[PDB]
């Protein structure tokens, strides 16, 4: 009765907006819509100062639980409260983010949905689609715990497949353009993990790379659709619906400490056909046939 939730979205990028749409759809499917739920929505605009101030407000405002969309938002909320339920919406590495003890028994007030990056499949796609690529530049933020883990895992798989990965971390969106310029003289392809900083500034990557014409393998449909070549990605709307359903489970009494994390890990490829063709890339018949989405 009297359901009230607070939602902190870390920043505006299209993937997070679609996750939030999914949250609303999942709530509505369970009857939590219109007069049956009050949602207090806030967006920290990628600003850690806003994360702190907004988290403090959301956990002290009579909400039954709070929801953090993306790792920095969930971390802000989990720091601000140890007793109010905190639901993760698409946190790539909950253990490495210090949000849960393990996936089975989170052990505190935090549970939710995790989008694991399919690094092995991305490496396989790079090898199949651009067999001339030898060195990959990993562009990501040093501010994001999610990306630290993904870069480690990707590098391990890439090395096994005979590729080299050089890292180009940025502390913020401000350093993207200049970093792209530097890295594109050093690497054959740009890879971007599930990274909120780069996702929020992705058109800057595309515009900065117009002169270099290196393929970009960025870990979101929303990035591939505005100039990336291809990736292997998890369905964002599915992440949001699953988060909505876990919010309802917790409203109905589930204890976060004993509620397993819902991990998505396999995804499907997404291929930007015109970007490939413009780069003079052949899309192998099998690659095109197995594609989850063709743009």
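Residue numbers count along the first chain shown, from 1.
Chemist: Could you check which stretch, 239 to 247 or 28 to 36, carries the larger mean CA temperature factor in the entry?
Modeler: Per the PDB entry, the higher value belongs to 28 to 36.
Chemist: Take the C-alpha B-factors listed in the entry for 158 to 166 and for 190 to 198, compute each mean, and give the stretch with the larger one.
Modeler: It is 158 to 166 that shows the higher mean C-alpha B-factor.
Chemist: Of the choices 231, 259, 266, 44, which one's C-alpha carries the largest B-factor in the record?
Modeler: Among 231, 259, 266, 44, the highest C-alpha B-factor in the entry belongs to 266.
Chemist: Comparing residue 172 with the other modelled residues of its chain, is its CA B-factor in the lowest, middle or highest third?
Modeler: Middle third of the chain for residue 172's C-alpha B-factor.
Chemist: Residue 280's Cα B-factor: lowest, middle or highest third of the chain?
Modeler: For residue 280, the deposited C-alpha B-factor lands in the highest third.
Chemist: Rank-wise, by C-alpha B-factor, drop residue 271 into the lowest, middle or highest third of its chain.
Modeler: As the PDB entry reports it, the C-alpha B-factor of residue 271 lands in the highest third of its chain.
Chemist: What third of its chain, lowest, middle or highest, does the C-alpha temperature factor of residue 145 fall into?
Modeler: It falls in the middle third of the chain.
Chemist: Sort the modelled residues of this chain by their C-alpha B factor and say whether residue 114 lands in the lowest, middle or highest third.
Modeler: Tercile = middle for this residue's CA B-factor.
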